[PDB]
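S.K.: Below is a structure I'd like to ask you about.
Taken together, the values in this text are just the output of simple stated rules run on the coordinates, not laboratory data. FYI the Cβ positions are ideal-geometry reconstructions off the backbone, even for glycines, and counts take in every protein chain you see.
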There are 2 protein chains.
Amino acid sequence: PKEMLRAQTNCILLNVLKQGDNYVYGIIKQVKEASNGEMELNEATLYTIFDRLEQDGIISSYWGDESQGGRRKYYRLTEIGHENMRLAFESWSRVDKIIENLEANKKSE
Amino acid sequence: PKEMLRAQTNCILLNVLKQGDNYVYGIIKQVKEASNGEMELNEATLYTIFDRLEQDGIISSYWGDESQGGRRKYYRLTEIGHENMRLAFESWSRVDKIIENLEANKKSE
């Protein structure tokens, strides 16, 4: 779907922030880099997601670069956010185990 | 969260049907089997999901033939449903590549 896309886009984003705090264009560049140019995120899309995540307590922002040229919003993964990433990762690898078992449980029958 | 679980239950369920057509208690048993008893799915929750998937054209149901003891409802993964599974699988493995790259791109720097 386009929902499929939105969960997939969240994952990538959180994994960017996981590598380090960052700002919009910084984040977009890493995605472009790590997708060999294929995935080009939008500012609007990134911010739309980042607003949701911020409210739900997954990420927090803060100001920087006041002295560099002008204010920039940076984003960071909260302690809750780190936990939920670990939880998601744990759960999905668990889903992978269950799925491989279902394919062996068919050989059994 | 809750909406993470729903996404996982879904993944498991579609992968059960992927192994073959099946009915509710048959499905529940396979999940219990393949999760070493950890995941015991609820009928209401399974049907709630199965109604959504059926409406969106992802799965169809039908009656067994050899149903003297009483009618048995089977479930089956549609054409569309198979495609979406292939799409999802393709996309998520792509997401995994992008994620591994992000972690190497940071090791570099």
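S.K.: Can you tell me which condition B:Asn84 does not meet? The list is (1) without any contact (Cβ under 8 Å) to a residue 24 or more places away in the chain; (2) crowded, with 17+ Cβ neighbours inside 10 Å, and all the others hold.
M.R.: Condition not satisfied by B:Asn84: (1).
S.K.: Follow-up. Considering only residues that are touching a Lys or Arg at 6+ places or on another chain (Cβ under 8 Å) and among the aliphatic types (A, V, I, L, M), which ones fall in the range A:59-101?
M.R.: A:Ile59, A:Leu77, A:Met85
S.K.: Give me the pairs, please: first residue somewhere in the range B:61-80 and more than 15 Å from B:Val24 (Cα to Cα), second residue anywhere and assigned to a strand (DSSP E or B) and of a type outside the set (D, E, K, R), beta-carbon distance under 9 Å, and either six or more positions apart or on two chains.
M.R.: Correct list of pairs: B:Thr78/B:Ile59; B:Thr78/B:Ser60.
S.K.: Let me ask another. From the set of residues in the range B:23-68 that are acidic (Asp, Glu), exposed (fewer than 14 other Cβ atoms within 10 Å of the Cβ) and within 24 Å of A:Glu103 (Cα to Cα), which is farthest from the chain's Cα centre (by Cα)?
M.R.: B:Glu38
S.K.: Looking at the range B:91-109 only, could you name the residues that are among the small types (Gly, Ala, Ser) and farther than 17 Å from A:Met39 by Cα?
M.R.: Matches in the range B:91-109: B:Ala104, B:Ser108.
S.K.: Then there is this: Mind listing whichever residues of the range A:87-109 are aromatic (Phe, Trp, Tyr) and surrounded by 15 or more Cβ atoms within 10 Å (Cβ to Cβ)?
M.R.: A:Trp92
S.K.: Another one. Among the residues of the range B:1-17, which ones are out of contact with any strand residue (DSSP E or B) (no Cβ under 8 Å at 6 or more places or on another chain), closer than 15 Å to A:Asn105 by Cα and more than 9 Å from every other protein chain (Cβ to nearest Cβ)?
M.R.: B:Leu13
S.K.: Might you let me know whether the range A:16-24 holds any residue that is closer than 28 Å to B:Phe89 by Cα, of a type outside the set (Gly, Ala, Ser), touching a residue at least 60 places away in the same chain (Cβ under 8 Å) and touching a helix residue (DSSP H, G or I) at 6+ places or on another chain (Cβ under 9 Å)?
M.R.: Yes, there is a match, as at least one residue in the range A:16-24 is closer than 28 Å to B:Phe89 by Cα, of a type outside the set (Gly, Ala, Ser), touching a residue at least 60 places away in the same chain (Cβ under 8 Å) and touching a helix residue (DSSP H, G or I) at 6+ places or on another chain (Cβ under 9 Å).
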